[PDB]
Protein chains: 2
Amino acid sequence: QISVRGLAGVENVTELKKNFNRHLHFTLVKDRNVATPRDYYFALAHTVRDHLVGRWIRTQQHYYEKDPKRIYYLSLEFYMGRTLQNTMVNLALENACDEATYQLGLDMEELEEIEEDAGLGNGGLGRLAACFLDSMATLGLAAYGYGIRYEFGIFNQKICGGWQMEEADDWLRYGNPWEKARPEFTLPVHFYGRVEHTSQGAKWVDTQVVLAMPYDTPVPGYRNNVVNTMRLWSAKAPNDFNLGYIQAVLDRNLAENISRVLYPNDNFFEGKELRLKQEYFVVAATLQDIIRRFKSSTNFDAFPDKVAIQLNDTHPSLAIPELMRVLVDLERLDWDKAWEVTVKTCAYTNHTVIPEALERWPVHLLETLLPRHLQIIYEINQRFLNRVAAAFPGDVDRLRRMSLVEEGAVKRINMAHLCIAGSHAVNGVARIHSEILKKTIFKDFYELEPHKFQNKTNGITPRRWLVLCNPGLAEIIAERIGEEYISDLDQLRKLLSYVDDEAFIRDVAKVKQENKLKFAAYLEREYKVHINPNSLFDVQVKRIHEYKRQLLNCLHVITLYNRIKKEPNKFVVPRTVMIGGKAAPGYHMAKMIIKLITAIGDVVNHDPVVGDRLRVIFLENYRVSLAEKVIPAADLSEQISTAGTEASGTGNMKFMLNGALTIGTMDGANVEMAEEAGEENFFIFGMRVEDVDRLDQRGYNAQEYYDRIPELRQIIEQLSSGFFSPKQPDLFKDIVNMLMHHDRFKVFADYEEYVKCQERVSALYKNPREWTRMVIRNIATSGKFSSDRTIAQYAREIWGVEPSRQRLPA
Amino acid sequence: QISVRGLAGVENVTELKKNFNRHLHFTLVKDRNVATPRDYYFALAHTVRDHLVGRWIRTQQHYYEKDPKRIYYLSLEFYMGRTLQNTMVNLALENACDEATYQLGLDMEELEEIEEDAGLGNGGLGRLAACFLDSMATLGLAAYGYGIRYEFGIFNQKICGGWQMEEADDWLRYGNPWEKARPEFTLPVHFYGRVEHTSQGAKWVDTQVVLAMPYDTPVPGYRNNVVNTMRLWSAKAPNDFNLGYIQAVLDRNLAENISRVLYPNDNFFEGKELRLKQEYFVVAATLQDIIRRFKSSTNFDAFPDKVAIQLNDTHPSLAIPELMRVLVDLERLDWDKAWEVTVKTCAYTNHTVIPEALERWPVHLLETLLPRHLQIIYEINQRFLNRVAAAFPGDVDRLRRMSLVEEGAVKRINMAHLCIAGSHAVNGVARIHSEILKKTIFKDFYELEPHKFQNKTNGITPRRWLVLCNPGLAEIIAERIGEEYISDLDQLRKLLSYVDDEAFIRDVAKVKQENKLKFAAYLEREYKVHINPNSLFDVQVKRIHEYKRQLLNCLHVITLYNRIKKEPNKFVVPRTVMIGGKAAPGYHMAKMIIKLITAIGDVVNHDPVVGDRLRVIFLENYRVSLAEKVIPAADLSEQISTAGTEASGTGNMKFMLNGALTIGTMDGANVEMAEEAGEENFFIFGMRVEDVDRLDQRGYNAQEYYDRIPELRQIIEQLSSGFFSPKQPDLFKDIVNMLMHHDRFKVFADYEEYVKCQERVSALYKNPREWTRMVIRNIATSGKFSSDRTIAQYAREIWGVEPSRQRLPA
Ligand SMILES: *Cc1c(COP(=O)(O)O)cnc(C)c1O
Ligand SMILES: *Cc1c(COP(=O)(O)O)cnc(C)c1O
Ligand SMILES: NC(=O)[C@]1(O)O[C@H](CO)[C@@H](O)[C@H](O)[C@H]1O
Ligand SMILES: NC(=O)[C@]1(O)O[C@H](CO)[C@@H](O)[C@H](O)[C@H]1O
């Protein structure tokens, strides 16, 4: 047992054991003779869950009594992952449960692997919401996460013949012990219908009704006895719905399809009606819940003083016109008063600048699905533009540029413009991203209302991303500076005074080696893949995207392969290059990239001359639980997006906290990471944002690089000739064609510097002692990237509430 | 507290209270300040449930150790109703829980009304299966009920403008505390595909797979510590199902529709594909489960010695060809051996003789959905007919009459013929019904294999239908003869020696009066309907059907009304005529009958001259929980089906056990009831089966009765002229037309005798003392109708197992 895992008290271990057996008997209705590992997992889960409800009930009662300002985080995604270990960590129960299960003759680690990941997210955006919930609870904020309880989360990825195959993520199959259905708080949501203008107000009538049933999941703070709530809505058809009798009952599945599945798109907008329904569904149910709670604390003047609503991207943007609809149509406030309240309550966070990801809903869709909201949006636009016209008289082009309504083939509503107009604060997620927002995409808005624009650099929770996934590292750190850093990561700076400590250097290197052996074993366990634990673990895990440039990584791998084949008996630092991530089902190029990666591995991993000097592994079904395993085992973190495309990135922060060195472009948070650790302790390369703009001004021509770089030319010709696809010589023609003629992310432009930088990485790896000292310099300066710092800034600069580290009673 | 309700021990009441609070806190995650009546109901349910799991686990372990012959009751319907009170009764916990909840400041009766009825049945057939499960557990048989877990049971009936409106029975909305999902025992079921004939056997290939997930519900025996299992299958699509990505996920609801809703037909066959899928789904999953259990006890010679499968009607008839398919195609037994095993294992129970209820599946449907089964059915038919031909040489018409395959417009498979051929026993559900089977419908089969035909008169469980719904009566009875009768209803005969006991007579009459006041109050509570508790409660509750003749009851009611209007100041015994029951959604005539009943009430209940002398009430949403309330309050039980149409009936037995006198035809079980109590203690009238046949031979002409009976003529003319439907004068034209020209059930033929018999009923009611003495004579002789007697006969005469009243350890 390690210190950071808590105490294994005699009384508690005894108590845990009896409750474990109690649940196995009464809850699972099983006996030790027929119980399976899954049964044991559930018995443990219910036992740990019991320890939360006491605190959960008290916390909520506490908020009712003190009535503090409530924070509502709206998101269509919450990538929670597993809950068992996280709960034990935050309740200081890990060692006791480990001991208790040990005494029952069970291996707790084995039981933990049985829990299904709660994959209600695509990647970074969804995981950020999850980290935020953890930090808000740890900082004592009266916060509530509101989303959708999808029956099916992000698909499970299978690799067949080197191609990605998707399969349903039936995560609720065996039940979810952490959630508590609250059918008593079901609320009605309206769709379609028409607007009636009467004597005293517009009325939205003849609507189709869909019920929203809430399910609550506890969110425990770190050892402070605070347990907040994440409420996810599930769609239910009313009982007189459609009420052939049989057909009417079967058609209920039509209204319930709203919460059936998560759209698997990352940084890509797909204007489908079902998606719009999901967005309104979450917003309508949530706002009714917010108002109800507010009325049970009626002059909405104090509404902004008791309520804060944070819009995670534009997905829940309809909250703005919905709040107006309720205040004007139902509460009967005058427009101006309602608008004042709405703006002071809402804040919007932008997460990307890529055009294909921006939400622009066709007017005809909103017109049919939400007629009243469209009218309100037009009125908002009308008044907003009048303000622009008054500030910039005669600037007619500005008017059309800032309009919430876009004219063209089909009229569309720019949801981002709607959010800026209706929020009192708009923030980016990394310093460089926030600056780009003010200088380009939202330049006109910044000039009109400069005070609204802010920055809030992303972060990750050190509980799940250090203590939970890397106890070995958390322990050697605690041995030197104590445990206080777990909720005050800035304290990691104290490790700087150990950079020359021969004992620490040895331990840091030891933990990393153990993590790699552990991972190298898991790889053969559940995926039969031998690898060499002595090689440098080169890892790039994140969603497959052209802007993330997994292709640039591929070009490097092929370069290393060709160089070995050219001079076989020359020494090179051994490497295991691991690439993993899911591709959106309809993203063809992304799916082709996965096939390319596996095709490269097929050639490289079976070439006798190469040996164990270079391996290429594609990490199947990358997800939160997998990240917790591979990140602690990484040596090199690949963060190579084209400058100006990755708003922030968060995987980069995870690797930095876990002892990996970073090779990357000056993009998103990478800039601040290098700034914190010192550029000499980072492997930076490639074009900066300004270099990219210069290339665009003069026109990017890939042919130029192909003509001037012999090694690059050889690679393209290998791909084109079928070297990596014998049976299908022209298999990768689309890839080559894109790279040569229409590459929006300029892979070739950064190739030379990337390869040269990779050489400097291999050089440092040859000097174990100095590699580790640089690692220590990274870990020691990763404090700024804790989501506790991020949330504290949102709290003080946007929500108007003070964070607290005070423990609530037991 | 009453004696039959158990002891309220000091220790147990204390224990119950703490566990109640424990579940309210840890299970429901609530505190006394926010808990609602529903929360309290669930806290109590989980507390009582806890007391079962100990016994449930032991019982099943016991069967594994002793390995007795297992009884499998297959049914597509199980009308269970509520479970809380029944569980308390069988565990002797009623008074303790009443006390415990009382001490917690809660009214247990109020909490019981919160439980949703488990309505997985249409009426008699489904309720019989439920009573049987109770008796099998009470008699210590190793029995298992197998069915489908419908998401939506029988629809909830709403009456609007006097018309029936149907609404979805979302019974699982708030969760089901009694069931335990067993996802670990999920089994695959195959559909469609094609048959491949290879070297060594036929193979069913290219099939569509649907998963069957089981949910187990405990079935406690009466105070014997036995807890059997009812396993219901739920449909689940495999995870690579259909695997547009989004559309593929949404289409999963197509395979899952199999267990979505119960077909609401009573005594009516509707050849829909979805229905056929449900029938095979339950059969395929169940048989795999049966075999697995059998292999874990391989020469299927002993299969019939360890397994008995009872087919509840022909709904699960595919069990016969499915068992053959498994034994021949998978286990590789020779046909003859497999057939021997199948026949010795299967037994079939017929529940009706009406032609429209008989299952005749179109060959083209089976051909596409279950190609292999169709081939097996043809082979069975081939060999069966060869046997007929050998026994009756030259009788070619017999061959075509007995064939399992019916020729005509579209070829069909007679499922009843399939069942007789493949079962070693075939039984009817009442003496007269079983005789009719041998003399008419199955005459040819009886002549070929006389030994197969038996009778097993239906019964009802005295636990739910006496102790639970009428504790007042159960108590005064126990006061005289003890409690032993609750599991040995024949002992009620001892009450015959009290027929002249002035104290008993007074108590019997007292309990009935209390029940009527209780019901008269409930009527105003949840349905705002005042009624007179002093009047005779005339009740007919059962599904709306032409053969059940609610129309004959209507004719009587109108007759009473007209007679009062003719001589207003003449005395008549006051009556409250109550009629209730659901009509199948697509049964037009049944829906018109409901409208007629409410229309009559509209006129009668508002006629000043009538006063409180006659009321006509339509009991809305008749279901099990409602039956438990109205039956104990009834004085007169209406069982007036046309002779030869009601196979048995069970509502008739419920009324007899609860102190109501019976007015009815010599049909179904009525015959045996009159025989047991003595015809002088029953109000019998109308044609006997032989009279009906005579009328058919000479041709039924309704006009004759209309021309000869003045009172009847007046009624038809009132209906025709719009007397009961002012705004819609011809509203009941279809009813009059049917009655006059195409009435298959001869309502008019029994009108005169029915009215005269009703007069004799009113005469006896005027003499309270003698009315009660006859009641005592009925209750005292109702013993034969306990389902314990029925199950004991099935056990000894069909299944080959001995029942047991031995208590299992605590
Ligand atoms: C942290 C995380 C991400 C985000 O990674 P980036 O490299 O910033 O894109 C995506 N997926 C999972 C499962 C994560 O844990
Ligand atoms: C007993 C019962 C029946 C069967 O009644 P019959 O009069 O035999 O048709 C039908 N429905 C319910 C709810 C029952 O309890
Ligand atoms: N918009 C997104 O989906 C994204 O994943 O969001 C993350 C969190 O802000 C960012 O870290 C990331 O850069 C961005 O791509
Ligand atoms: N076949 C049926 O559905 C029916 O309800 O079954 C009951 C039980 O045998 C019988 O009591 C009843 O007579 C019959 O109509």
# chains A, B, ... in the order shown; residues from 1 in each chain; ligands from 1

$ select_by_dssp --residues "range 538-762 of chain A" --states "strand (DSSP E or B)" --output "mmCIF file with N, CA, C and O atoms, in the first residue's frame"
data_model
loop_
_atom_site.group_PDB
_atom_site.id
_atom_site.type_symbol
_atom_site.label_atom_id
_atom_site.label_comp_id
_atom_site.auth_asym_id
_atom_site.auth_seq_id
_atom_site.Cartn_x
_atom_site.Cartn_y
_atom_site.Cartn_z
ATOM 1 N N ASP A 538 7.112 6.222 -28.471
ATOM 2 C CA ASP A 538 6.683 7.372 -29.267
ATOM 3 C C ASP A 538 5.161 7.253 -29.458
ATOM 4 O O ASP A 538 4.678 6.419 -30.222
ATOM 5 N N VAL A 539 4.404 8.109 -28.781
ATOM 6 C CA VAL A 539 2.946 8.005 -28.827
ATOM 7 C C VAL A 539 2.117 9.211 -29.286
ATOM 8 O O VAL A 539 2.314 10.336 -28.819
ATOM 9 N N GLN A 540 1.177 8.952 -30.196
ATOM 10 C CA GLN A 540 0.240 9.975 -30.662
ATOM 11 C C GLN A 540 -1.165 9.402 -30.554
ATOM 12 O O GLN A 540 -1.586 8.626 -31.406
ATOM 13 N N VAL A 541 -1.878 9.779 -29.499
ATOM 14 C CA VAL A 541 -3.236 9.303 -29.304
ATOM 15 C C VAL A 541 -4.178 10.493 -29.209
ATOM 16 O O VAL A 541 -3.984 11.389 -28.393
ATOM 17 N N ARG A 575 12.722 2.377 -31.189
ATOM 18 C CA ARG A 575 11.460 3.059 -30.923
ATOM 19 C C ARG A 575 10.245 2.195 -31.173
ATOM 20 O O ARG A 575 10.243 1.320 -32.038
ATOM 21 N N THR A 576 9.212 2.456 -30.386
ATOM 22 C CA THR A 576 7.934 1.794 -30.545
ATOM 23 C C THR A 576 7.004 2.975 -30.775
ATOM 24 O O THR A 576 6.730 3.756 -29.859
ATOM 25 N N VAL A 577 6.570 3.136 -32.019
ATOM 26 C CA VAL A 577 5.683 4.228 -32.371
ATOM 27 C C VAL A 577 4.245 3.751 -32.281
ATOM 28 O O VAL A 577 3.829 2.840 -32.998
ATOM 29 N N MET A 578 3.501 4.363 -31.369
ATOM 30 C CA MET A 578 2.111 4.014 -31.143
ATOM 31 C C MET A 578 1.186 5.147 -31.556
ATOM 32 O O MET A 578 1.351 6.293 -31.130
ATOM 33 N N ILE A 579 0.212 4.813 -32.393
ATOM 34 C CA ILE A 579 -0.765 5.782 -32.860
ATOM 35 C C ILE A 579 -2.155 5.196 -32.640
ATOM 36 O O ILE A 579 -2.418 4.050 -33.005
ATOM 37 N N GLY A 580 -3.038 5.978 -32.032
ATOM 38 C CA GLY A 580 -4.385 5.495 -31.788
ATOM 39 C C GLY A 580 -5.404 6.611 -31.843
ATOM 40 O O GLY A 580 -5.068 7.779 -31.659
ATOM 41 N N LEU A 614 12.459 -0.933 -34.641
ATOM 42 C CA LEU A 614 11.325 -0.080 -34.966
ATOM 43 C C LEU A 614 10.041 -0.876 -35.131
ATOM 44 O O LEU A 614 9.964 -1.799 -35.946
ATOM 45 N N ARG A 615 9.036 -0.507 -34.343
ATOM 46 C CA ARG A 615 7.728 -1.151 -34.390
ATOM 47 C C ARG A 615 6.670 -0.079 -34.604
ATOM 48 O O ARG A 615 6.821 1.052 -34.144
ATOM 49 N N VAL A 616 5.599 -0.449 -35.293
ATOM 50 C CA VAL A 616 4.503 0.469 -35.553
ATOM 51 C C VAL A 616 3.214 -0.208 -35.129
ATOM 52 O O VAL A 616 2.752 -1.162 -35.754
ATOM 53 N N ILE A 617 2.650 0.296 -34.039
ATOM 54 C CA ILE A 617 1.434 -0.253 -33.465
ATOM 55 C C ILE A 617 0.265 0.727 -33.495
ATOM 56 O O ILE A 617 0.415 1.898 -33.138
ATOM 57 N N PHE A 618 -0.896 0.246 -33.926
ATOM 58 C CA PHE A 618 -2.087 1.083 -33.926
ATOM 59 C C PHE A 618 -2.906 0.683 -32.705
ATOM 60 O O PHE A 618 -3.376 -0.449 -32.603
ATOM 61 N N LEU A 619 -3.052 1.616 -31.771
ATOM 62 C CA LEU A 619 -3.808 1.379 -30.551
ATOM 63 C C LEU A 619 -5.306 1.396 -30.842
ATOM 64 O O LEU A 619 -5.900 2.445 -31.080
ATOM 65 N N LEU A 636 7.657 9.960 -25.359
ATOM 66 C CA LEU A 636 7.501 11.094 -26.270
ATOM 67 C C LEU A 636 6.032 11.307 -26.634
ATOM 68 O O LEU A 636 5.356 10.383 -27.077
ATOM 69 N N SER A 637 5.571 12.540 -26.440
ATOM 70 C CA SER A 637 4.199 12.967 -26.715
ATOM 71 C C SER A 637 4.155 13.750 -28.029
ATOM 72 O O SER A 637 4.822 14.776 -28.159
ATOM 73 N N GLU A 638 3.374 13.270 -28.993
ATOM 74 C CA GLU A 638 3.259 13.930 -30.297
ATOM 75 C C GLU A 638 2.083 14.910 -30.335
ATOM 76 O O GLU A 638 0.923 14.496 -30.296
ATOM 77 N N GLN A 639 2.391 16.203 -30.422
ATOM 78 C CA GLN A 639 1.377 17.267 -30.473
ATOM 79 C C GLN A 639 1.775 18.134 -31.670
ATOM 80 O O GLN A 639 2.277 19.252 -31.523
ATOM 81 N N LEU A 661 8.264 13.668 -22.614
ATOM 82 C CA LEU A 661 8.781 14.912 -23.182
ATOM 83 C C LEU A 661 7.864 15.190 -24.377
ATOM 84 O O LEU A 661 7.263 14.264 -24.922
ATOM 85 N N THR A 662 7.750 16.451 -24.780
ATOM 86 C CA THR A 662 6.854 16.809 -25.877
ATOM 87 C C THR A 662 7.516 17.307 -27.160
ATOM 88 O O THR A 662 8.391 18.174 -27.122
ATOM 89 N N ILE A 663 7.110 16.743 -28.294
ATOM 90 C CA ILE A 663 7.607 17.229 -29.579
ATOM 91 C C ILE A 663 6.364 17.853 -30.216
ATOM 92 O O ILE A 663 5.342 17.186 -30.393
ATOM 93 N N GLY A 664 6.424 19.143 -30.523
ATOM 94 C CA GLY A 664 5.252 19.766 -31.109
ATOM 95 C C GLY A 664 5.409 21.154 -31.700
ATOM 96 O O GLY A 664 6.457 21.793 -31.599
ATOM 97 N N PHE A 683 10.556 20.180 -27.284
ATOM 98 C CA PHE A 683 11.026 19.951 -28.646
ATOM 99 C C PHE A 683 10.065 20.626 -29.621
ATOM 100 O O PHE A 683 9.146 19.999 -30.150
ATOM 101 N N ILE A 684 10.293 21.919 -29.831
ATOM 102 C CA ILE A 684 9.480 22.742 -30.717
ATOM 103 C C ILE A 684 10.059 22.779 -32.121
ATOM 104 O O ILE A 684 11.277 22.837 -32.304
#

$ closest_atom_pairs --of "chain A" --to "ligand 1" --cutoff "8 Å" --atoms "only C-alpha atoms and all ligand atoms" --output "CSV"
residue,atom,partner,partner_atom_place_in_ligand_line,distance
A:79,CA,ligand 1,13 (C),7.8
A:122,CA,ligand 1,11 (N),6.9
A:123,CA,ligand 1,10 (C),3.7
A:124,CA,ligand 1,4 (C),3.7
A:125,CA,ligand 1,4 (C),7.5
A:127,CA,ligand 1,2 (C),6.1
A:128,CA,ligand 1,1 (C),7.8
A:540,CA,ligand 1,7 (O),7.7
A:541,CA,ligand 1,7 (O),6.3
A:542,CA,ligand 1,7 (O),4.5
A:543,CA,ligand 1,9 (O),6.1
A:548,CA,ligand 1,9 (O),7.9
A:581,CA,ligand 1,11 (N),7.6
A:622,CA,ligand 1,13 (C),6.2
A:623,CA,ligand 1,13 (C),3.8
A:624,CA,ligand 1,13 (C),3.9
A:625,CA,ligand 1,13 (C),7.4
A:626,CA,ligand 1,13 (C),7.3
A:627,CA,ligand 1,15 (O),5.4
A:628,CA,ligand 1,15 (O),7.6
A:639,CA,ligand 1,7 (O),6.9
A:646,CA,ligand 1,8 (O),7.9
A:648,CA,ligand 1,8 (O),7.0
A:649,CA,ligand 1,8 (O),3.3
A:650,CA,ligand 1,8 (O),3.8
A:651,CA,ligand 1,5 (O),3.9
A:652,CA,ligand 1,7 (O),5.9
A:654,CA,ligand 1,1 (C),6.9

$ write_last_selection --atoms "C-alpha atoms" --output "JSON list (two decimals), in the first residue's frame"
[["chain", "number", "residue", "atom", "x", "y", "z"],
["A", 79, "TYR", "CA", -16.70, 11.97, -21.37],
["A", 122, "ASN", "CA", -16.03, 12.30, -28.65],
["A", 123, "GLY", "CA", -12.77, 13.47, -27.17],
["A", 124, "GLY", "CA", -11.28, 16.72, -25.90],
["A", 125, "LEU", "CA", -14.49, 18.73, -25.60],
["A", 127, "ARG", "CA", -13.32, 15.16, -21.48],
["A", 128, "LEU", "CA", -12.89, 18.84, -20.59],
["A", 540, "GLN", "CA", 0.24, 9.97, -30.66],
["A", 541, "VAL", "CA", -3.24, 9.30, -29.30],
["A", 542, "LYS", "CA", -6.20, 11.54, -30.14],
["A", 543, "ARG", "CA", -9.05, 11.55, -32.65],
["A", 548, "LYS", "CA", -3.95, 16.82, -36.12],
["A", 581, "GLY", "CA", -7.71, 7.24, -32.16],
["A", 622, "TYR", "CA", -8.64, 4.59, -27.88],
["A", 623, "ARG", "CA", -10.84, 5.91, -25.08],
["A", 624, "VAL", "CA", -10.51, 7.32, -21.55],
["A", 625, "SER", "CA", -9.72, 4.00, -19.84],
["A", 626, "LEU", "CA", -7.05, 3.33, -22.48],
["A", 627, "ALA", "CA", -5.55, 6.81, -22.06],
["A", 628, "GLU", "CA", -5.12, 6.09, -18.36],
["A", 639, "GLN", "CA", 1.38, 17.27, -30.47],
["A", 646, "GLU", "CA", -5.74, 23.04, -32.28],
["A", 648, "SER", "CA", -5.89, 24.15, -26.99],
["A", 649, "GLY", "CA", -5.49, 20.41, -26.79],
["A", 650, "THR", "CA", -5.58, 18.60, -23.43],
["A", 651, "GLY", "CA", -3.85, 15.32, -24.16],
["A", 652, "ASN", "CA", -0.68, 17.42, -24.28],
["A", 654, "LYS", "CA", -1.76, 14.77, -19.58]]

$ select_by_dssp --residues "range 649-722 of chain A" --states "alpha helix (DSSP H)" --output "ChimeraX atom specification"
/A:651-657,670-677,689-698,702-708,710-721

$ residues_around --residues "residue 789 in chain B" --least-positions-apart "5" --cutoff "10 Å" --atoms "only C-alpha atoms" --output "list in words"
residues 135, 139, 456, 457, 458, 459, 460, 461, 487, 488, 489, 490, 783, 784, 794 and 795 of chain B

$ interface_residues --of "chain A" --to "chain B" --cutoff "7 Å" --atoms "only C-alpha atoms" --output "PyMOL selection string"
chain A and resi 26+29+50+53+166-168+174+183+239-240+243+245+249-250+257+585

$ write_last_selection --atoms "N, CA and C atoms" --output "mmCIF file, in the first residue's frame"
data_model
loop_
_atom_site.group_PDB
_atom_site.id
_atom_site.type_symbol
_atom_site.label_atom_id
_atom_site.label_comp_id
_atom_site.auth_asym_id
_atom_site.auth_seq_id
_atom_site.Cartn_x
_atom_site.Cartn_y
_atom_site.Cartn_z
ATOM 1 N N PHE A 26 -28.026 -9.626 -1.022
ATOM 2 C CA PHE A 26 -29.285 -8.922 -1.203
ATOM 3 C C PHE A 26 -29.459 -8.132 -2.500
ATOM 4 N N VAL A 29 -28.264 -10.810 -5.565
ATOM 5 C CA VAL A 29 -28.973 -12.075 -5.378
ATOM 6 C C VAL A 29 -28.086 -13.208 -5.891
ATOM 7 N N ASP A 50 -22.462 3.483 -1.564
ATOM 8 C CA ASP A 50 -23.102 3.745 -0.272
ATOM 9 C C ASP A 50 -22.427 4.899 0.476
ATOM 10 N N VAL A 53 -23.781 8.648 -0.916
ATOM 11 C CA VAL A 53 -25.129 9.145 -0.707
ATOM 12 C C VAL A 53 -25.301 9.992 0.553
ATOM 13 N N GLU A 166 -17.084 0.003 -36.930
ATOM 14 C CA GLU A 166 -17.768 0.591 -35.784
ATOM 15 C C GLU A 166 -18.791 -0.377 -35.208
ATOM 16 N N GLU A 167 -18.914 -0.377 -33.888
ATOM 17 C CA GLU A 167 -19.918 -1.209 -33.261
ATOM 18 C C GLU A 167 -20.522 -0.470 -32.075
ATOM 19 N N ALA A 168 -21.825 -0.658 -31.904
ATOM 20 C CA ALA A 168 -22.582 0.005 -30.858
ATOM 21 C C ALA A 168 -22.007 -0.131 -29.459
ATOM 22 N N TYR A 174 -25.390 -3.991 -18.732
ATOM 23 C CA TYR A 174 -25.381 -4.607 -17.403
ATOM 24 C C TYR A 174 -25.865 -3.672 -16.297
ATOM 25 N N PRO A 183 -37.608 9.880 -12.067
ATOM 26 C CA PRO A 183 -38.837 9.996 -12.863
ATOM 27 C C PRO A 183 -39.841 11.012 -12.331
ATOM 28 N N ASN A 239 -47.715 9.064 -22.494
ATOM 29 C CA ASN A 239 -48.531 7.869 -22.640
ATOM 30 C C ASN A 239 -49.739 7.920 -23.555
ATOM 31 N N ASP A 240 -50.126 9.111 -24.002
ATOM 32 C CA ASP A 240 -51.254 9.215 -24.923
ATOM 33 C C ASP A 240 -50.685 9.507 -26.317
ATOM 34 N N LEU A 243 -51.723 8.071 -29.391
ATOM 35 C CA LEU A 243 -52.981 7.579 -28.842
ATOM 36 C C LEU A 243 -53.847 8.736 -28.353
ATOM 37 N N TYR A 245 -53.513 0.242 -32.993
ATOM 38 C CA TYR A 245 -53.029 0.357 -31.619
ATOM 39 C C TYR A 245 -51.571 -0.103 -31.501
ATOM 40 N N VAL A 249 -48.052 2.172 -30.476
ATOM 41 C CA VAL A 249 -47.133 1.870 -29.392
ATOM 42 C C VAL A 249 -45.712 1.739 -29.925
ATOM 43 N N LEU A 250 -45.558 1.062 -31.060
ATOM 44 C CA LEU A 250 -44.231 0.874 -31.641
ATOM 45 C C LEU A 250 -43.616 2.195 -32.100
ATOM 46 N N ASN A 257 -36.027 8.390 -29.780
ATOM 47 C CA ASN A 257 -34.762 8.352 -30.517
ATOM 48 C C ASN A 257 -33.890 9.567 -30.225
ATOM 49 N N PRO A 585 -17.282 8.037 -38.429
ATOM 50 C CA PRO A 585 -17.768 7.094 -39.444
ATOM 51 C C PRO A 585 -17.860 7.608 -40.881
#
